[PDB]
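**Q**
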Amino acid sequence: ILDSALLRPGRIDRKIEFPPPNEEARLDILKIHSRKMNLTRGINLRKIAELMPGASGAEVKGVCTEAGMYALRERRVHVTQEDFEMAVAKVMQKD
Amino acid sequence: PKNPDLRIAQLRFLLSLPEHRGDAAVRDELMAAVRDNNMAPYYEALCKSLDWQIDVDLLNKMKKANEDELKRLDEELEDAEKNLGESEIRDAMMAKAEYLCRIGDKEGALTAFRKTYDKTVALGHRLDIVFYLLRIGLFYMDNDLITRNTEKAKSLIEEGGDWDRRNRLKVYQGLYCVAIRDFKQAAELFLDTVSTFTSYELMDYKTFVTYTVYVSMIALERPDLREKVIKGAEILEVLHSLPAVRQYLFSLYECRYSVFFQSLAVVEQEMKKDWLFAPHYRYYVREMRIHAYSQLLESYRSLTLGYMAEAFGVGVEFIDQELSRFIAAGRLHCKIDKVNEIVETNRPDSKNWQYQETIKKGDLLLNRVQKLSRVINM
Amino acid sequence: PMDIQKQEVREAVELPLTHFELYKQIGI
Amino acid sequence: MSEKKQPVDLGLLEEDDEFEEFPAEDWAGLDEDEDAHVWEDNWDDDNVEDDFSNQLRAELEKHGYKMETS
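Chains as they are written, first to last, in PDB author numbering: chain C, 300 to 394; chain Y, 12 to 389; chain D, 145, 170 to 196; chain e, 1 to 70.
1) Under the DSSP definition of a beta bridge, which residues are partnered with residue 355 of chain Y?
2) What do you get for residue 29 of chain Y, buried or exposed, if any count of 16 or more other CB atoms within 10 angstroms of its CB means buried?
3) Examine chain Y for any beta-carbon lying closer than 9 Å to the beta-carbon of residue 1 of chain e, and answer yes or no.
4) For residue 284 of chain Y, which residues of its own chain have a beta-carbon under 6 Å away from its beta-carbon, when the five flanking residues on both sides are left out?
5) Does residue 377 of chain C get closer than 9 Å to chain Y when you measure Cβ to Cβ?
6) Report buried or exposed for residue 349 of chain Y, applying the criterion of at least 16 other Cβ atoms within 10 angstroms of its Cβ.
7) Have a look at residue 86 of chain Y and residue 183 of chain Y and give me their C-alpha separation to the nearest angstrom.
8) If the criterion is Cβ atoms closer than 9 Å, does the pair residue 80 of chain Y and residue 146 of chain Y meet it?
9) What is the residue span of the alpha helix (DSSP H) that residue 210 of chain Y lies within?
10) Applying the criterion that 16 or more other CB atoms from any shown protein chain within 10 Å of the CB defines a buried residue, is residue 191 of chain D buried or exposed?
11) Give the residues of chain D in contact with residue 172 of chain Y, contact being defined as C-beta atoms less than 9 Å apart.
12) Between residue 215 of chain Y and residue 209 of chain Y, how many whole angstroms is the CB-CB distance? I'm expecting something under 8 Å.
13) Can the beta-carbon of residue 390 of chain C be found less than 9 Å from the beta-carbon of residue 347 of chain C?
14) Thinking C-alpha only, which one of Y/66, Y/137 and Y/119 is nearest residue 101 of chain Y?
15) Reducing DSSP to helix, strand and coil, say where residue 191 of chain D ends up.
16) Using a C-beta cutoff of 9 Å, does residue 179 of chain D count as contacting chain B?
17) Measuring alpha carbon to alpha carbon, tell me which of C/366, C/352, C/321 and C/304 ends up nearest residue 338 of chain C.
18) For residue 206 of chain Y, tell me which candidate among C/381, C/377, C/383 and C/382 has the shortest Cα-Cα distance.
19) Work out the CA separation of residue 272 of chain Y and residue 104 of chain Y for me, nearest whole Å.
20) For residue 258 of chain Y, which option in Y/245, Y/242 and Y/278 has the closest C-alpha, if you only look at C-alpha atoms?
21) Near residue 15 of chain Y, what residues of its chain come up, given a Cβ to Cβ distance below 8 Å and the 5 sequence neighbours on each side ignored?
22) If the cut-off is 7 Å on Cβ atoms, which residues from the segment 331-360 of chain C count as contacting chain Y, listed in chain order?
23) Put residue 347 of chain C into one of helix, strand or coil per three-state DSSP.
24) Under three-state DSSP, which class holds residue 288 of chain Y?
25) For a contact defined as C-beta to C-beta under 9 Å, what are the partners of residue 175 of chain Y on chain C?
26) Would you tell me roughly how many angstroms separate the C-alpha atoms of residue 320 of chain C and residue 256 of chain Y, rounded to the nearest one?
27) Check the C-beta distance from residue 355 of chain Y over to residue 316 of chain Y and give it rounded, since I have them as a contact under 8 Å.
28) Let me see if you follow: with CB-CB separation under 9 Å, is residue 29 of chain Y close to chain e or not?
29) So with CB distances below 9 Å, who are the chain Y contacts of residue 61 of chain e?
30) Does the count of Cβ pairs from the segment 309-329 of chain C and the segment 340-359 of chain C closer than 8 Å reach three?
31) Check whether the segment 52-68 of chain e and the segment 301-316 of chain Y touch, using three or more Cβ-Cβ pairs below 8 Å as the test.
32) Which residues of chain e have a Cβ atom closer than 9 Å to the Cβ of residue 272 of chain Y, listed in chain order?
33) Under a CB-based cut-off of 9 Å, is residue 133 of chain Y close to chain C?
34) Short of 7 Å Cβ to Cβ, which residues in the segment 92-121 of chain Y face chain C?
35) At a CB-CB cut-off below 7 Å, which residues of chain Y make contact with residue 53 of chain e?
36) In chain C, which residues lie less than 8 Å from residue 208 of chain Y when you measure between Cβ atoms?
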């Protein structure tokens, strides 16, 4: 970044900062990465999205993709918010 | 909608035609009228109801609460509008359409589910809207309106079959396939009963089994039952709920007509007085009788009237016109003779008729190639 | 013409192997 | 010739002018239960249905009384 930017002094280049996904950027990516799998009707995306901190939006993908395996192990129809909390603890231990 | 008002408002069929059971249906209909904004449904079906003395009492409160919650959903819709968001407007217009399904008006719910049907960012919520039209299409008993959105929403899924979404669509396939008389393709729909569960939205699990036991018990032969249901443990689990079904399965599979005809009156009375299963009560009876007569007559070439009358437990004067009507009308086996007062058939349907099963397609194909000759030069 | 490797290979390997269309019904 | 169909269609217009939407709605009372159903089976179901419409429609409830009497 300092070398390429040392060779690119912002002459002809679009400068769009890529931040870590914010809260709404976790709700919408949580929905995009939640429509693909099952989801209950009694879950609140607000708090479960606010309880997924860390590096970036791939941590939410770690909660979902690393939560479907707990849905398989538990042998249930859908995934509950407590399973998502367990995956939150798992990705927060991996962090 | 998915509320119990679908079933409570679905008991209007047994509320309408018979006058004996029209007491409990109006009891829980009038008691449940204060739930899910039942004003407009029972006001439309008020001709099949009591007088107007107590009717006009609650209409003034339901007509103002309807406008209150309606204008609150309108104000919430205006608060969700002019703002950055997709699922919020889908939830506002979708909730308004759900309340418009509670009142039972498919005009504002038609244009509402049309707007939120056009605001579908993904196909999953689109199929959810389709199901939201199916849950009210069951009450509206429409034919094409519920098959259009499923015919269009059927292709291009690409997201895999869920545990309750695709299974729920299969339950709907059981619904409209039970409405129609198609059986040989509907016998595959209920095979996913392992993943089914108690769905208070459309039909209970015990009502789903009670409804599929007719298409499975009648629409299937002995190898199909032994392969599908007798080998499966599902009917072995759900037979303990009601002891009658076990009698109608082991008695039919056991070929005991003396108890099957004595207990068949419960199937006759239970067969009618149903929302979607009543108008077909004539086909299940005749089809089951000819199916049992072909079952017993399959392994039997000649049959005396004594063993037949004792086996079925009915007079000979009735089976006389039975088989007399089933020779020409039923068309099950060859001609029957009474020179010795003994049912004696031949059934040469294998050796020569097995080759003669294609002569119908040969004559129809002959007329079709005559049409091919009509295409020549014009 | 350990238990980390045995557990990871266990649940990640033999559990998907003993089921058909499981890929389709796990959110592939 | 296709020109002789006009007076036949006029006869159909007279049949439609006899009753104005009366058989469409009155017969639609049964067509709403017959719509989308295979009409090939409706010939047998309507054959036995109309055959039993006069008497002994169900007859299954009467067999329980006909067992001891016959």
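Backbone N, C-alpha and C fix where the C-beta goes; we use that ideal spot for every residue, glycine too.
**A** Looking at the coordinates:
1) Y/313
2) exposed
3) no
4) Contacts found: 25.
5) At least one chain Y Cβ lies under 9 Å of residue 377 of chain C.
6) exposed
7) 35 Å
8) It is not a contact, given that the beta carbons lie outside the stated cut-off.
9) Looking at the DSSP string, residue 210 of chain Y is not in any alpha helix (DSSP H), and its letter there is neither H nor E.
10) exposed
11) 189, 192 and 193
12) 6 Å
13) no
14) Y/137
15) coil
16) The structure shown has no chain B; the protein chains it does contain are C, Y, D and e.
17) For residue 338 of chain C, the nearest C-alpha among the options comes from C/366.
18) C/377
19) 54 Å
20) Y/278
21) 43, 46, 47 and 211
22) Within the segment 331-360 of chain C, the residues whose Cβ lies closer than 7 Å to some Cβ of chain Y are 334, 335 and 337, listed in chain order.
23) helix
24) coil
25) 337, 376 and 377
26) Going by the C-alpha atoms only, they are around 58 Å apart.
27) Contact flag wrong, Cβ pair sits at about 11 Å.
28) Chain e contact via Cβ: absent.
29) 276, 279 and 280
30) yes
31) no
32) Per Cβ cutoff of 9 Å: 60, 63, 64 and 67.
33) yes
34) The segment 92-121 of chain Y vs chain C, Cβ under 7 Å: 98.
35) Under the 7 Å cutoff, chain Y gives no residues; its nearest Cβ is about 10 Å from residue 53 of chain e.
36) 376
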